[PDB]
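We give structure tokens for two forms of one protein chain below, kept apart as structure 1 and structure 2.
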Structure 1
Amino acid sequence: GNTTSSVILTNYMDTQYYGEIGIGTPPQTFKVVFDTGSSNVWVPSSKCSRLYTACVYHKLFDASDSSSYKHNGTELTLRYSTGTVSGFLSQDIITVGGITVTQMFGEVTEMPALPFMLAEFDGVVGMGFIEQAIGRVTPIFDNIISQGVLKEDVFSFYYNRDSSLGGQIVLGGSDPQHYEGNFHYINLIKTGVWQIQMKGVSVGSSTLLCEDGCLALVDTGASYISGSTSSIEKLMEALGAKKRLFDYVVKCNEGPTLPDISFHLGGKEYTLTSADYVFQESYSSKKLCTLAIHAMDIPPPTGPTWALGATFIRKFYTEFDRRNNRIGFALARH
């Protein structure tokens, strides 16, 4: 076909980038993250007890209001860090920027209060492959490819810096108005996951880490750049940053003078300056500034691995190419 479909995103504090979908007849609207590190659609269920704080603060999907709903009822579980997210399968019609698709999705009935009660959005649309789909549920972008309608079997992300357009996802192409120059591509290690080879991470001009190669998951649903606990220790030693309980910090006045960090991917070094990875909430020496880089031990089969989240995606406009199993990067225009 010759169609593209774009969806406007909202940027909450540089950590959450979400957009609207509609599910059912008539449409029930939900704010969702479009997430390349997962393959399932999830929204909260009207069957979620009001003694879940994550449910109280969010919109709930009610099947008993949708005429196009089709029962399934198979139980689904995700074992997240803080606890289990579980629910059940349902099918309904889902709209995403003017494309309409009959989709199997999970209705959440329980989940931990953290971090989910802090989410400004209601759900998740996984943009990953059937290989990592819980219950092998056909993922949404698979069902869009099968309709024949997109101009190219690609989708792309634009994430803005905080302030205005917060971001944009385009289905079926890219939007030239939001990047400059041309894309540079890297082949997936294997289909199934949006993960590429990384050949080195540099602090300054010398290659600090990932000497004999490693893995980079390109995860639009991650807030930060993450590496293993042991790689992040070494990066933060090199940056002179201090370990807090859930983050790393530097004295705020040291912020602007921190080294460039570079990621070696395909045939380019992708560079972040301190302006790209420091949360400069002050310039004072009496205050501490958080870094947009965090340790996460990602469990097999996909990990151990780095994750390039929104920290990375903000600077580099990203295209996810299903046709050719590759990821393209271009420098974002802000």
Structure 2
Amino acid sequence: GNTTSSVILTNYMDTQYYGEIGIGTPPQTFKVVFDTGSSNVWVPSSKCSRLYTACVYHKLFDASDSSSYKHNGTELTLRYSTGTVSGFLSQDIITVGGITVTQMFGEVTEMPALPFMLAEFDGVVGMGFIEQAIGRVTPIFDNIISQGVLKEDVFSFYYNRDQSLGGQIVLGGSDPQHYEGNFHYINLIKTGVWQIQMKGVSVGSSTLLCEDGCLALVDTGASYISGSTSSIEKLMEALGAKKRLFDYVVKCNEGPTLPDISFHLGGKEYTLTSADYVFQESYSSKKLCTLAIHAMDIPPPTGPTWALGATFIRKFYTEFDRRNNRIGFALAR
């Protein structure tokens, strides 16, 4: 119990954060989202048809090039908020920074253009619990915990804004170069999902939303802070933001006039300024600027729930603690 492993992350557009893993012997490299909202590992397969355009423009795992590959073949479908993939289970050695682990993962053969033609990453490394794993496949972090190499049973996420480091995941600890001060932690409501109680969402000093408490999924594979359609409607109305065709917008010049939004988590107020939630692509009075807050109706049993995604994580460096089933936050830098 003396190792940490860091993976540097690419930040694409403040909406996708991904880093690399190896799969096989020798390692084949894939860009992957490290996603606390799910618990399966998958990458696209060389058995993916090239009529799926996503399988032309992403890297494919070729199992016949790996001496450590072991066949399974059980088919599985993974249904995300933004899209669905299906494929078959395989087993091989996965390299994550300085760590290797024998892992069962999906070889995805069905990869629809929506959303995977807008995914700059190849696949997904689920950082959630086995309870949310499709097929009850042991998640990669649980298998890494079994090795007893990690200094602590935690992992941490730094997501940068906007060259610079796009971000960083640390397995086994945290990186104090990327946060100020000390963590305050919020306990999970229950084991099996990275979800915590939230005791209020305030706009300025007035708690408009989640007044009787609500749920917050801390979701490293989500781009935005999200709430239900109803919640976000009220939030946007409070801000003066309007729904342009697909998204909520403000006049770019008016972004700096917008009030702070605070999330009441574990007896602390986690406050984002308008600079933290308005995509200020301009400050022009002649242009419209979108917000990094979207409606997302997450179905039961996980939802209805808020999701604290990359927008939140940018502001607050986040440690996911499996030893204690809690989530730590500190101010990112």
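Rigid core here is just the name for the largest C-alpha set that superposes within 1.5 Å across the two forms. Structure 1's sequence is the ruler for residue numbers, which start at 1.
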Position that moves between structures 1 and 2 after core superposition, taken from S206, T229, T84, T74, with Cα shift of 2 Å or more: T84
Large Cα shift (2 Å or above) at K190 between structures 1 and 2, core-fitted: no
Did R136 shift 2 Å or more between structures 1 and 2, C-alpha, core superposed: no
Per-residue C-alpha deviation between structures 1 and 2 [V149; rigid core superposition; Å]: 0.3
Rigid core superposed, the C-alpha shift at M111 between structures 1 and 2 in Å: 2.5
